[PDB]
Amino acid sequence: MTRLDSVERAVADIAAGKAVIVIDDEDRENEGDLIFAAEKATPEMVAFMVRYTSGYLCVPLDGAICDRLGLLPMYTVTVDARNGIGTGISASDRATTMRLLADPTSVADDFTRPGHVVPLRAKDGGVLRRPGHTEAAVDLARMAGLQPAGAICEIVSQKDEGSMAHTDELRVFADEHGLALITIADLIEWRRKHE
């Protein structure tokens, strides 16, 4: 019964530098990721994400970016921007790191390791190949015509503080903050229907 937004809305929102929320399907016990495109990371957007999520910020990336950066060739890998930051943990610093990761001119030496941002390598083919939030993030940036790099983190429950938000609460959060809530099931369906 939970209302779900459309893939068209999600894609336009991502293109506009907005965030969306992504869950697996209509199951009422799904956790959900706040997702935006990494090139659209600003201090304000990352602050919002850190405020409402676990803070364990990840950056899904196309394999080609990973390979370009000498990361995650086909222990957890972490990175910070080498330049333009302080300690690497602030919303403004992680936003810089995220934009750098999405920047096709960046190279391996533009990052210090270890760091405070967690890159993840998306499977080629996106959600049609692996129905993960990692793949959903990259697919959405690609569909919005952006560089194939996203930023993801899971939304904390405000009702049950020990927990992560489930589908009904995620619906409320999305409505309150003017955001789209979509499922990977629907994104798969859309991608199948439109080549």
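Residue positions are given as counts along the sequence shown, with the first one as 1.
- Looking at mean Cα B-factors across 76-84 and 94-102, the upper value is held by 76-84.
- Between the stretches 165-173 and 22-30, it is 22-30 that shows the larger average CA temperature factor.
- The maximum CA B-factor among the listed residues 39, 160, 44, 135, taken from the PDB record, is found at 160.
- Ranking 49, 69, 140, 59 by Cα temperature factor from the entry places 69 first.
- In the PDB entry, a CA B factor belonging to the middle third of its chain's modelled residues is recorded for residue 4.
- The entry lists a Cα temperature factor for residue 128 that places it in the highest third of the chain's modelled residues.
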